[PDB]
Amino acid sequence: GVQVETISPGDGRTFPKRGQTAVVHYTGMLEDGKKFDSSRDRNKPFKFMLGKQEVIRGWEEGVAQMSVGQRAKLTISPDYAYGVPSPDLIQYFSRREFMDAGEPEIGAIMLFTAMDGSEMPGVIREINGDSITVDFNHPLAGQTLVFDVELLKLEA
C-alpha cells in the first residue's frame, strides 16, 4: 500500500476532493534514497486531478490524506506504484526494426505500435549482433518508491 508520514503540517482543514486538481512540489526517491524525479528541479509545480487515476494509486490514496500546505513522505509498494516486472514484456527484435537516426544504443527508447493503435515505449537493454533486446516493462516496475510531496494548493 502507501504509508503516509508527515514532514511538516498543513492547515488541517482543506483536503482534496474527487475531481479537484492538486498542485504539488515533489522529490521522488528509490528505497535507498537515490533521486529519480523532481518537480522542484524543473522549477514547475506538478498538477493532477484527484480520482482521475492519472497518477499511481499510492498518490491518489496518499495525497487524499493531506491538507493544503502539508508536506508528507509517501512510501509506496510496487503494486501501488508502477507494478511488478513481467518477462512477457522483454522481447527481441532485429536491427531491421530500428529505423531512427544512427545506430541502436543501450538505453534508447523505441516506439512500437500497440494493439490499441497507440505507440508504446520500449528501452533497448542489450544488443547482440543483429538482435536487440527491448524491455517494455515500466522502468520502475518492482521498486518501492519514496516521495516527498508538498500540497501547494487545490484548483478547479
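In this text, residue numbers run from 1 along the sequence as written.
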Entry-level comparison of average CA B-factors, 144-152 and 11-19, reporting the higher stretch = 11-19
Stretch with the higher entry mean CA B-factor, where the candidates are 53-61 and 83-91 | 83-91
Among 102, 45, 28, 69, which residue carries the highest C-alpha B-factor recorded in the PDB entry?
-> 102
In terms of the CA temperature factor given in the entry, to which third of its chain does residue 118 belong: lowest, middle or highest?
-> highest
What third of its chain's C-alpha B-factors does residue 40 belong to: lowest, middle or highest?
-> lowest
